[PDB]
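Below is one structure, written out as structure tokens; the observations come after it.
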Amino acid sequence: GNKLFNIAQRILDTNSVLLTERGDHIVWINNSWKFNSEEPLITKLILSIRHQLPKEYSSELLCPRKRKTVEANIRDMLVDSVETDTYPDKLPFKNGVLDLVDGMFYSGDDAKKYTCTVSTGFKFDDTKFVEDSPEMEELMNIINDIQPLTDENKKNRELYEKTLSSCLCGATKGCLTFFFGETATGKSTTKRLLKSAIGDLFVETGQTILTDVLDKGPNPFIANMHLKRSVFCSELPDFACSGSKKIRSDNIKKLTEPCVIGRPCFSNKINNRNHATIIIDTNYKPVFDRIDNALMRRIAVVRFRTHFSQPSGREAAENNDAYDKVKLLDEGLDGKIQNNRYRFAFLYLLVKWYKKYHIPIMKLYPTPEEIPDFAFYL
Amino acid sequence: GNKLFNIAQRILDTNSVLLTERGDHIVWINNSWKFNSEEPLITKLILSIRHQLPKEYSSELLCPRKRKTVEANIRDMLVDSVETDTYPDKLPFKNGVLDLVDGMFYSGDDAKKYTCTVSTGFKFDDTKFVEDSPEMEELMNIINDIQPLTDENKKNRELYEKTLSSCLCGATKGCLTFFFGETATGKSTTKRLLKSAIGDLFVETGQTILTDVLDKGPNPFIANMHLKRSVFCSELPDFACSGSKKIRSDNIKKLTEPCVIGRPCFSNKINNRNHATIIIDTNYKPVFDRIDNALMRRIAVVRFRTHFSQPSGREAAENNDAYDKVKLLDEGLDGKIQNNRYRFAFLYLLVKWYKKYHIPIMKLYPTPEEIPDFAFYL
Amino acid sequence: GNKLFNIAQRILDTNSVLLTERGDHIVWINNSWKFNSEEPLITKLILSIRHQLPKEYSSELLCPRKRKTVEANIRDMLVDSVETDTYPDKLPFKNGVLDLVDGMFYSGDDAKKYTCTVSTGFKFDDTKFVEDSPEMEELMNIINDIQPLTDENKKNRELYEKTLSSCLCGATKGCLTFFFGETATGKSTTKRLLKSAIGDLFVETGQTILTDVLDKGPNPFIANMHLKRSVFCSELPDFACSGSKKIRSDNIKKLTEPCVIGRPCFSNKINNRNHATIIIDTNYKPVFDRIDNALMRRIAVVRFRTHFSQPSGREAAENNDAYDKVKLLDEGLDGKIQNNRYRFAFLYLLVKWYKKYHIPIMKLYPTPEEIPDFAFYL
Amino acid sequence: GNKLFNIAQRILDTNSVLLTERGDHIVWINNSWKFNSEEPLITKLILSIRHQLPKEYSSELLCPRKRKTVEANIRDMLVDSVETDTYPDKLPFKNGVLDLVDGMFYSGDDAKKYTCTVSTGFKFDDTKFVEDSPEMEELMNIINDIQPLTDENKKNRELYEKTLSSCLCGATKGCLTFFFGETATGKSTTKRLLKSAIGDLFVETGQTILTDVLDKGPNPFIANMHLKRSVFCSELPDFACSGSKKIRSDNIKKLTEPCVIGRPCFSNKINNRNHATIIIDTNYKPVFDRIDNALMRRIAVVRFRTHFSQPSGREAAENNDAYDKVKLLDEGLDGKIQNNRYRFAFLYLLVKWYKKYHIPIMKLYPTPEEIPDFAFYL
Amino acid sequence: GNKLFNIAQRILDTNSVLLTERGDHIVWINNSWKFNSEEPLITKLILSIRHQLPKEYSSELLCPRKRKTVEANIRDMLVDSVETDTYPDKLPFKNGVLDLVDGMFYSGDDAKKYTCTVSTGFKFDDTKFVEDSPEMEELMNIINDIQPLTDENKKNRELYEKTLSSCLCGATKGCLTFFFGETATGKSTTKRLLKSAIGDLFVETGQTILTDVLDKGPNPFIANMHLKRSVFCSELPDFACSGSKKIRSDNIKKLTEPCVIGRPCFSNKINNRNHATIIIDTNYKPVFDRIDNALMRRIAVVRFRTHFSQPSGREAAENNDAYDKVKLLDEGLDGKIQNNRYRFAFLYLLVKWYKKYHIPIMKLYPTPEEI
DNA sequence: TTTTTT
Ligand SMILES: Nc1ncnc2c1ncn2[C@@H]1O[C@H](COP(=O)(O)OP(=O)(O)O)[C@@H](O)[C@H]1O
Ligand SMILES: Nc1ncnc2c1ncn2[C@@H]1O[C@H](COP(=O)(O)OP(=O)(O)O)[C@@H](O)[C@H]1O
Ligand SMILES: Nc1ncnc2c1ncn2[C@@H]1O[C@H](COP(=O)(O)OP(=O)(O)O)[C@@H](O)[C@H]1O
Ligand SMILES: Nc1ncnc2c1ncn2[C@@H]1O[C@H](COP(=O)(O)OP(=O)(O)O)[C@@H](O)[C@H]1O
Ligand SMILES: Nc1ncnc2c1ncn2[C@@H]1O[C@H](COP(=O)(O)OP(=O)(O)O)[C@@H](O)[C@H]1O
Ligand SMILES: [Mg+2]
Ligand SMILES: [Mg+2]
Ligand SMILES: [Mg+2]
């Protein structure tokens with residue numbers, strides 16, 4: 001029969017082209033589910049799959065006028081839509097899917113069954129994803145300097161590890177976190193270390209979504225956190241200076257449901273899946289709109305008490321009560337952090353903590369007995 | 001003469017392609033009506049029906065350029081439009097229509113007269129639609145814990161059942177329902193169970209449809225409520241605070257009308273069909289701009305008075321006067337909801353309730369003796 | 001010579017295709033003038049007229065690539081434009097034009113003379129257009145309950161009849177009517193009956209047409225009421241609340257003009273012909289920015305006083321002065337309205353009322369005494 | 001040599017297609033110059049000039065694909081622009097140019113010299129352009145009623161005649177006339193008479209051209225008033241209200257230049273020729289943004305005094321201050337103007353007035369002493 | 001082979017098509033560097049140039065699709081852009097250019113090296129470009145009447161001549177001129193004279209260019225000054241009130257730059273080359289955002305002290321202090337102004353003044369001794 | 001501002 005239809009049927013039998021509910025046509029090229037709303041990539045898959053089909057078909061898929069016919073046949077056989085990103089314990093890279101339960105790494109068809117549209121952005125190095133490397137020792141030194149293992153810092157370190165490790169789970173979390181500490185403590189260092197580990201599954205969204213009604217008009221500060229594993233918010237100002245807004249309590253309750261309401265510019269889609277692990281990076285203790293039992297259930301605080309200063313104010317910083325350690329400020333850190341040195345070394349630590357803390361079910365618990373207002377209300 | 005016109009005529013005689021009043025071309029593929037404003041699906045239908053014509057006609061539909069000719073002929077033969085969704089007592093799925101008055105599943109031509117352009121988005125498996133199941137007992141235990149079967153909570157339970165079961169009828173409901181209660185009481189669990197049950201006939205919007213005006217400029221928060229059978233507008237703020245917009249009474253009055261005025265972006269269609277049951281999962285007592293009988297005859301309140309807590313906070317919850325019974329939290333409940341485990345059991349429960357409350361006429365009644373301001377005006 | 005040129009000239013000899021001043025190519029299919037700026041309509045008529053040409057010509061029109069050549073010729077032979085909708089007292093249906101003055105129904109070539117570009121959207125049943133019928137008997141009871149035929153409600157009843165019957169004549173009306181009354185008095189029932197009666201010549205818009213500037217940017221709320229014979233703008237909010245926009249004084253003046261300024265999206269046409277009977281379904285008395293004699297001559301108010309109540313709250317309706325009668329609510333009325341039961345009985349009633357007040361000349365008059373502010377100014 | 005090139009050259013030899021400085025392609029069909037960016041005017045002309053070519057060149061213009069080739073050649077052959085609408089004392093009609101200074105109606109090729117692109121839209125009849133006729137008597141009575149010939153209404157009647165007769169000359173004016181007066185006085189009747197007299201050369205625009213900056217993207221409210229003789233911007237609101245825009249003094253400077261900017265949707269033509277006679281039908285005297293000495297020289301105001309009252313409210317009008325005559329209303333008058341009964345009578349009256357004020361030089365003079373602010377500044 | 005490619009190469013070898021840095025293709029048809037971003041004129045140029053090619057090639061350009069193929073080839077072979085409008089001493093017309101250093105009119109290939117994309121809007125006829133004419137005498141009388149040719153107004157007259165004549169030099173200018181006077185003193189008369197003389201190389205703007213930042217929102221008032229040789233800013237309010245925005249120093253310091261940063265509606269090109277002599281006409285004393293030494297080196301002002309009133313108001317205006325001579329309002333003066341009879345004469349005066357003042361170096365010197 | 005355009 002029509003031999004340009006047999007090619008389309010054979011290509012479709014591989015389940016390489018899929019139709020999503022949002023109207024996209026996700027394709028499977030180079031071990032990744034890529035999609036582009038502006039230009040479909042079906043003709044890319046048709047040309048890439050050329051080697052699987054027999055020799056009698058390969059000579060015909062080179063002409064673009066035949067590739068267009070094959071794409072037209074394919075688009076008329078995808079009738080139903082499927083579901084995407086339904087596996088929480090899977091981290092999608094640019095060349096496979098890392099399994100978090102047993103720390104495996106599947107590529108090819110083995111990674112095809114997990115339909116994950118998002119990706120980390122970079123490739124996975126099985127040789128660099130090891131616990132025996134000088135990078136791992138350097139990282140373990142940096143982390144222990146930021147958060148020591150002293151018994152005075154026992155719970156605060158386990159909570160920190162839990163919060164950081166929950167940044168790899170593709171499931172909805174029902175608790176915020178507050179990276180609270182004085183200046184020059186490691187919050188922006190932890191943020192940069194985490195961004196170097198996940199990459200594309202990370203946005204440092206604006207502060208405006210703590211004090212603004214995210215309902216009227218456009219708000220791309222919300223539409224960006226669609227399927228993002230981690231969302232970081234900084235810039236908590238003083239609540240006594242002019243412009244002292246209040247962290248809207250009802251707004252905190254909105255960033256806990258699996259679907260957040262908000263649309264981008266020139267768009268009609270109003271619901272965004274909430275896989276984020278929102279971490280508010282603050283320096284001063286936050287002042288809330290109004291405290292109630294519904295608000296105290298979805299907040300955790302990770303205290304930061306360690307100062308990395310230059311040998312000018314070291315003694316003055318030591319005399320201060322806001323810190324507990326006065327370790328020496330290093331300059332090579334920001335060099336080999338933005339340059340992605342401790343990328344896989346931090347990934348191994350995150351996977352280890354994820355195994356230690358959330359194997360059966362991923363869940364974040366509040367710590368309300370840390371904020372003075374909450375302590376008063378308790 | 002032209003056989004590509006005979007094919008189009010034969011396809012037209014089957015009454016598989018129809019023209020709607022909005023200008024869409026609804027096709028009939030896989031026992032369900034489908035449409036897409038961006039790209040027509042007539043070619044999909046032409047290629048699909050190919051298995052119902054003789055051999056001399058079944059081979060001509062493989063070439064896309066010969067399919068566009070049939071599509072052009074079909075578009076040129078459709079003159080007069082039709083009206084859709086005229087049957088309120090039917091629930092459409094991806095593979096047929098369930099008749100609620102008899103609880104009978106019709107597939108194929110048996111369910112084609114009921115031109116339902118919407119669907120739940122999943123198949124209907126008749127093996128999970130029975131009482132004899134382990135999942136049904138678990139769902140019964142969950143619901144009887146959220147709303148206990150006592151005698152001080154009998155009218156409330158009946159109102160809750162009526163409100164939940166009204167989400168299957170595709171008619172205009174003239175009441176607004178508030179899910180009022182303290183934190184951790186079962187409101188979001190009910191919302192998620194309803195979403196799993198009715199599937200895609202369920203849209204969650206922001207609160208901007210109650211505090212802003214739905215007339216100026218675009219408003220896809222209202223344009224998305226077209227032909228949807230349930231709407232959730234949860235997370236009401238605290239109107240007792242300073243700077244909280246009250247609920248506009250006129251906005252409440254619009255939402256209980258057969259047609260709601262509101263347009264999407266880049267669109268001129270200004271009218272949308274209101275088949276939705278609007279439920280406001282609130283946490284505080286609502287406050288309105290003005291109170292009058294027209295507002296008092298459109299509001300119903302159902303209360304949640306069962307707190308699900310951990311053993312850690314089990315003691316502070318018993319002294320609270322906002323609860324009637326304290327149960328133990330279930331950490332794994334959320335996992336087997338997003339997996340659609342209690343999906344068809346809840347569907348059977350809703351159908352059973354609809355068979356009991358809304359058989360002759362479907363109607364929702366107000367409960368003015370639940371808001372203190374309404375009680376004063378009573 | 002050219003077969004297709006002769007085919008195109010023959011179609012133009014039938015005077016079926018026409019060009020209007022607005023730039024629309026109206027065609028004559030199924031005894032009705034139809035126009036649509038996006039769908040292919042000239043090819044539709046070309047395919048439909050096929051059973052007029054001889055056999056040697058009737059076979060070429062089965063190829064879509066040949067039906068576009070004939071359309072291209074027809075679009076080139078049309079030089080001059082014509083004027084449409086110049087008869088005010090003719091009501092067009094989907095299969096003819098009803099003459100209001102005498103009641104004769106023309107179908108076929110006799111209806112081609114009145115170039116009415118709009119239509120009701122359904123056929124005209126001469127069998128149901130009779131005075132003696134069960135539905136006509138129930139409708140009379142419904143109306144006599146909504147507006148009783150007493151002696152203190154005779155001027156109001158005749159004003160209501162005038163306003164309702166004026167929705168059939170396609171001429172500019174220089175007055176706006178307010179359906180005033182407390183809740184549950186029969187206004188929405190009248191609106192639904194009118195919508196079922198006049199069909200497509202009825203558009204419902206928001207109150208943005210009353211309090212906004214209807215001139216800047218796209219505005220499909222004004223662009224949609226082009227040639228519509230009735231425009232309902234319900235849901236007027238309270239004005240006693242500080243924060244409510246008053247009804248703009250000049251908008252009322254602009255809406256009573258033979259041509260309204262406003263354009264839809266993706267278009268340049270800025271003039272819409274005003275045939276509408278604008279009816280505002282309000283609950284409280286309207287408040288304007290400024291009151292002047294230029295505005296009291298453009299406003300009429302008709303009151304609804306019969307209250308339809310449930311047996312429980314019936315007693316409370318006997319002490320409110322806002323009612324003159326307490327009828328018992330019929331729960332099944334809305335079922336047999338959306339099903340188009342009183343469609344032709346109401347049409348007969350509207351025609352009978354029309355040829356009793358508007359036969360010499362159709363004109364509407366204001367009632368300034370029925371509004372407190374105008375009463376003060378007068 | 002070529003066959004489809006000689007046809008294009010011959011069509012050019014007839015001087016039927018011309019290019020303007022704005023990029024328009026004006027064609028000559030049916031004794032009139034026409035330009036339309038949407039319709040295929042060049043292809044219509046190619047089909048219509050088919051009889052003036054040799055027999056062998058006539059049989060090729062039947063196929064649309066040959067006509068498109070001829071049109072493509074014609075577009076390439078036109079490399080130079082020509083001046084259009086240079087004669088200001090000529091009035092175009094659907095079938096020829098009428099000379100205002102002399103009075104002879106130039107029909108056919110004799111009207112080709114005066115390249116008048118715009119037209120009135122209706123054929124000119126010399127049997128109705130007569131001086132004496134019952135229609136003329138009725139029109140003269142109506143005009144004398146609207147503006148009485150009394151001694152006080154002498155300096156105002158001639159200004160009214162000047163303003164009305166300036167709408168025939170196709171030259172840029174320098175004043176903005178305000179039809180100031182109370183309600184039911186005659187402004188709308190005068191506007192309707194002028195519209196029915198001058199046909200297509202009349203347009204009505206919104207108040208954006210006065211109270212908004214006309215330089216934001218597309219603005220068809222300005223692109224529509226290109227080469228139009230008269231423009232109406234009626235129904236001005238009150239300015240001494242809690243929130244209301246102003247006349248934007250700077251915006252009046254732009255409306256007197258012959259280079260008004262503003263492009264229609266889907267087009268690039270930004271600058272439009274300004275032959276318009278801006279007339280604002282208002283009820284309250286305008287309030288500008290800033291009053292300067294450059295504004296009193298481009299503003300004229302004519303007062304309307306004669307009241308048209310119903311027999312009922314006639315006594316209340318005889319005591320009103322802003323009225324000089326209480327002549328009875330006429331219901332059967334405003335229905336006849338839309339029937340173009342006084343079309344040619346009003347055209348003859350306008351020509352008679354034109355050959356009384358605008359023969360040597362056409363110029364509009366301002367009347368600044370009428371506005372209170374300018375009177376105080378004097 | 002591929003005769004169409006040979007046709008494209010032969011057409012391109014004549015430098016009839018050029019590519020601009022802004023991404024537009026400028027063609028050369030009928031003695032004019034035309035361009036149209038929406039509909040390209042390359043096919044018109046191919047059909048026109050058909051005559052200079054051999055008959056074997058010239059017989060193929062009659063088919064509209066061969067022309068499109070050659071156009072595609074031409075657009076493919078234009079890789080690098082060229083610098084246009086590099087000559088400041090040339091005034092472009094609709095059918096030629098004018099050389100002010102020699103006062104010579106160039107037509108045809110004699111004016112193709114001078115790549116002048118913008119034009120004036122009308123053709124040139126040198127027969128009416130001579131002093132020997134009465135309209136010459138009437139216009140010279142008007143000019144000496146608006147600015148007396150005496151010793152009490154010598155420096156003012158020379159600065160007025162310099163500023164008005166600078167409007168022909170197609171280069172950047174670093175001095176903003178102010179026109180100071182009372183009502184009915186001759187500002188708008190000079191404005192209409194300039195608009196009639198030069199035409200398209202002239203844009204009239206509003207007060208907005210002195211009160212708002214030039215890089216917010218879609219603003220053509222920064223983009224419309226592309227290659228324009230004049231900006232006559234009017235509608236300046238009285239600065240002795242409340243709510244009337246004053247003049248910003250940053251605005252003035254920005255307008256005196258060779259390029260201006262500003263993006264039009266639906267466009268990304270923020271750069272616009274500025275060649276405009278900015279003459280702001282005022283009615284009262286100006287006040288700026290700040291007064292410092294960085295500003296008085298770019299601002300010049302001239303005075304007008306002659307007012308015109310009708311013979312009815314002759315004695316009513318013959319007794320005023322703000323003026324010194326009062327003739328009668330001439331209605332016929334404005335008559336042959338939109339008809340543009342007094343167009344080439346004023347052009348001749350401008351050329352004469354340019355030859356008198358701007359031959360060696362083009363430079364405007366500020367006069368901070370009057371404000 | 002966005003949306004509308006485009
Ligand atoms: N483990 C460490 N040992 C020594 N120096 C460190 C260590 N971690 C971070 N620093 C240095 O201290 C600084 C900490 O800054 P940081 O606390 O991230 O800023 P912020 O307080 O704004 O978040 C960094 O610039 C880094 O160079
Ligand atoms: N029988 C039960 N029914 C419903 N939820 C239960 C039950 N037992 C434990 N839970 C848990 O209690 C939690 C209640 O939270 P929820 O009521 O959804 O919050 P909200 O106050 O926003 O409605 C849920 O996460 C659920 O997993
Ligand atoms: N003539 C009638 N007889 C019996 N019931 C009626 C009649 N008219 C209306 N009803 C019922 O009473 C209710 C009136 O509500 P509605 O008229 O919509 O309120 P409103 O007038 O405020 O819009 C309707 O639901 C309708 O079913
Ligand atoms: N010459 C006339 N003789 C009698 N009635 C007239 C005359 N001119 C106008 N009318 C009446 O005046 C009415 C129009 O008033 P209109 O001009 O719309 O008021 P406004 O000036 O407030 O717009 C029409 O209904 C018409 O019948
Ligand atoms: N020197 C002059 N020669 C001829 N007419 C003049 C002269 N000065 C002023 N006028 C007259 O004054 C009017 C313009 O005055 P102008 O100073 O431009 O005020 P505005 O700027 O408000 O128009 C013109 O109509 C012109 O006839
Ligand atoms: Mg919740
Ligand atoms: Mg109602
Ligand atoms: Mg009027």
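By order of appearance in the structure tokens: chains A, B, ..., then residues from 1 within every chain, and ligands from 1 in the order shown.
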Protein and nucleic acid residues within 8 Å of ligand 1 (only C-alpha atoms (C1' of nucleotides) and all ligand atoms) as JSON, numbers by chain: {"A": [141, 142, 143, 144, 145, 146, 181, 182, 183, 184, 185, 186, 187, 188, 189, 190, 191, 281, 283, 307, 308, 309, 327, 328, 329, 330, 331, 332, 333, 334]}
Generate the output file for the selected residues, N, CA and C atoms, as a PDB file, in the first residue's frame.
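Saved the output as selection_6.pdb:
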```pdb
ATOM      1  N   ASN A 141      33.978  19.323  53.777  1.00  0.00           N
ATOM      2  CA  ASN A 141      34.566  20.344  54.635  1.00  0.00           C
ATOM      3  C   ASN A 141      33.766  21.642  54.612  1.00  0.00           C
ATOM      4  N   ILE A 142      33.338  22.081  53.425  1.00  0.00           N
ATOM      5  CA  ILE A 142      32.565  23.320  53.317  1.00  0.00           C
ATOM      6  C   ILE A 142      31.247  23.196  54.071  1.00  0.00           C
ATOM      7  N   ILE A 143      30.541  22.082  53.873  1.00  0.00           N
ATOM      8  CA  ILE A 143      29.235  21.903  54.503  1.00  0.00           C
ATOM      9  C   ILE A 143      29.382  21.839  56.018  1.00  0.00           C
ATOM     10  N   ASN A 144      30.376  21.090  56.498  1.00  0.00           N
ATOM     11  CA  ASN A 144      30.624  21.020  57.934  1.00  0.00           C
ATOM     12  C   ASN A 144      31.040  22.364  58.514  1.00  0.00           C
ATOM     13  N   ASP A 145      31.729  23.201  57.736  1.00  0.00           N
ATOM     14  CA  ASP A 145      32.011  24.557  58.190  1.00  0.00           C
ATOM     15  C   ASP A 145      30.735  25.385  58.285  1.00  0.00           C
ATOM     16  N   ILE A 146      29.838  25.246  57.307  1.00  0.00           N
ATOM     17  CA  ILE A 146      28.579  25.985  57.346  1.00  0.00           C
ATOM     18  C   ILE A 146      27.684  25.459  58.461  1.00  0.00           C
ATOM     19  N   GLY A 181      19.533  33.650  59.004  1.00  0.00           N
ATOM     20  CA  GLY A 181      20.837  33.838  59.604  1.00  0.00           C
ATOM     21  C   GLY A 181      21.347  35.228  59.314  1.00  0.00           C
ATOM     22  N   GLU A 182      22.395  35.606  60.038  1.00  0.00           N
ATOM     23  CA  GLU A 182      22.987  36.917  59.836  1.00  0.00           C
ATOM     24  C   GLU A 182      23.770  36.948  58.524  1.00  0.00           C
ATOM     25  N   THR A 183      24.275  38.130  58.187  1.00  0.00           N
ATOM     26  CA  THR A 183      24.987  38.307  56.931  1.00  0.00           C
ATOM     27  C   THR A 183      26.294  37.521  56.929  1.00  0.00           C
ATOM     28  N   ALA A 184      26.685  37.066  55.737  1.00  0.00           N
ATOM     29  CA  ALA A 184      27.911  36.296  55.527  1.00  0.00           C
ATOM     30  C   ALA A 184      27.923  35.033  56.393  1.00  0.00           C
ATOM     31  N   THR A 185      26.948  34.162  56.137  1.00  0.00           N
ATOM     32  CA  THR A 185      26.827  32.905  56.867  1.00  0.00           C
ATOM     33  C   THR A 185      26.812  31.666  55.986  1.00  0.00           C
ATOM     34  N   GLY A 186      26.329  31.748  54.749  1.00  0.00           N
ATOM     35  CA  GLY A 186      26.352  30.597  53.869  1.00  0.00           C
ATOM     36  C   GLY A 186      25.059  30.340  53.124  1.00  0.00           C
ATOM     37  N   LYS A 187      24.055  31.194  53.333  1.00  0.00           N
ATOM     38  CA  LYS A 187      22.773  31.011  52.658  1.00  0.00           C
ATOM     39  C   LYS A 187      22.931  31.117  51.146  1.00  0.00           C
ATOM     40  N   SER A 188      23.551  32.201  50.675  1.00  0.00           N
ATOM     41  CA  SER A 188      23.816  32.338  49.249  1.00  0.00           C
ATOM     42  C   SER A 188      24.831  31.322  48.747  1.00  0.00           C
ATOM     43  N   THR A 189      25.685  30.797  49.624  1.00  0.00           N
ATOM     44  CA  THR A 189      26.566  29.699  49.254  1.00  0.00           C
ATOM     45  C   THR A 189      25.795  28.401  49.062  1.00  0.00           C
ATOM     46  N   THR A 190      24.856  28.108  49.965  1.00  0.00           N
ATOM     47  CA  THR A 190      24.024  26.919  49.812  1.00  0.00           C
ATOM     48  C   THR A 190      23.149  27.017  48.570  1.00  0.00           C
ATOM     49  N   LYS A 191      22.605  28.205  48.297  1.00  0.00           N
ATOM     50  CA  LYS A 191      21.790  28.388  47.099  1.00  0.00           C
ATOM     51  C   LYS A 191      22.602  28.117  45.837  1.00  0.00           C
ATOM     52  N   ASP A 281      14.997  32.834  51.801  1.00  0.00           N
ATOM     53  CA  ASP A 281      16.299  33.191  52.358  1.00  0.00           C
ATOM     54  C   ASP A 281      16.120  34.560  53.005  1.00  0.00           C
ATOM     55  N   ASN A 283      17.253  37.409  56.340  1.00  0.00           N
ATOM     56  CA  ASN A 283      18.261  37.879  57.279  1.00  0.00           C
ATOM     57  C   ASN A 283      17.643  38.369  58.578  1.00  0.00           C
ATOM     58  N   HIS A 307      30.223  32.537  60.818  1.00  0.00           N
ATOM     59  CA  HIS A 307      30.623  33.727  60.070  1.00  0.00           C
ATOM     60  C   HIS A 307      31.936  33.455  59.351  1.00  0.00           C
ATOM     61  N   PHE A 308      31.953  33.702  58.042  1.00  0.00           N
ATOM     62  CA  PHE A 308      33.172  33.645  57.238  1.00  0.00           C
ATOM     63  C   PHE A 308      33.603  35.076  56.950  1.00  0.00           C
ATOM     64  N   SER A 309      34.554  35.570  57.733  1.00  0.00           N
ATOM     65  CA  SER A 309      35.008  36.948  57.632  1.00  0.00           C
ATOM     66  C   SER A 309      36.503  37.012  57.332  1.00  0.00           C
ATOM     67  N   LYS A 327      35.175  31.233  61.168  1.00  0.00           N
ATOM     68  CA  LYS A 327      36.067  30.658  60.164  1.00  0.00           C
ATOM     69  C   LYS A 327      36.501  31.670  59.110  1.00  0.00           C
ATOM     70  N   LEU A 328      37.636  31.408  58.469  1.00  0.00           N
ATOM     71  CA  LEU A 328      38.287  32.357  57.576  1.00  0.00           C
ATOM     72  C   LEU A 328      37.605  32.354  56.213  1.00  0.00           C
ATOM     73  N   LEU A 329      37.391  33.547  55.662  1.00  0.00           N
ATOM     74  CA  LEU A 329      36.723  33.687  54.374  1.00  0.00           C
ATOM     75  C   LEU A 329      37.617  33.181  53.248  1.00  0.00           C
ATOM     76  N   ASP A 330      37.065  32.324  52.397  1.00  0.00           N
ATOM     77  CA  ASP A 330      37.797  31.786  51.262  1.00  0.00           C
ATOM     78  C   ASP A 330      37.386  32.494  49.974  1.00  0.00           C
ATOM     79  N   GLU A 331      38.335  32.587  49.046  1.00  0.00           N
ATOM     80  CA  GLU A 331      38.119  33.277  47.782  1.00  0.00           C
ATOM     81  C   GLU A 331      37.983  32.348  46.587  1.00  0.00           C
ATOM     82  N   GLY A 332      38.517  31.129  46.659  1.00  0.00           N
ATOM     83  CA  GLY A 332      38.380  30.192  45.558  1.00  0.00           C
ATOM     84  C   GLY A 332      37.026  29.520  45.483  1.00  0.00           C
ATOM     85  N   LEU A 333      36.154  29.755  46.463  1.00  0.00           N
ATOM     86  CA  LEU A 333      34.834  29.138  46.489  1.00  0.00           C
ATOM     87  C   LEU A 333      33.991  29.562  45.296  1.00  0.00           C
ATOM     88  N   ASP A 334      33.710  30.862  45.187  1.00  0.00           N
ATOM     89  CA  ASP A 334      32.876  31.362  44.102  1.00  0.00           C
ATOM     90  C   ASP A 334      33.473  31.087  42.731  1.00  0.00           C
TER      91      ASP A 334
END
```
Residues near residue 163 of chain A, cut-off 12 Å, only C-alpha atoms (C1' of nucleotides), skip fewer than 3 positions along chain, as a ChimeraX atom specification: /A:156-160,166-169,173-179,190,194,229-230,276-280,299-302,350,353-354,357-358,362-366
Which residues are close to residue 125 of chain A, i.e. within 12 Å by only C-alpha atoms (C1' of nucleotides), leaving aside same-chain residues fewer than 5 positions away? Reply as an MDAnalysis selection string. chainID A and resid 93:96 98 105 130 343:345 347:348
At most 9 Å is the cut-off: for each residue in chain B with any atom that close to an atom of ligand 7, write down the nearest atom pair and the distance in Å rounded to one decimal, counting only C-alpha atoms and all ligand atoms, chain first then increasing number, as a tab-separated table.
```
residue	atom	partner	partner_atom_place_in_ligand_line	distance
B:253	CA	ligand 7	1 (Mg)	8.1
B:254	CA	ligand 7	1 (Mg)	8.9
B:257	CA	ligand 7	1 (Mg)	7.7
B:294	CA	ligand 7	1 (Mg)	8.9
```
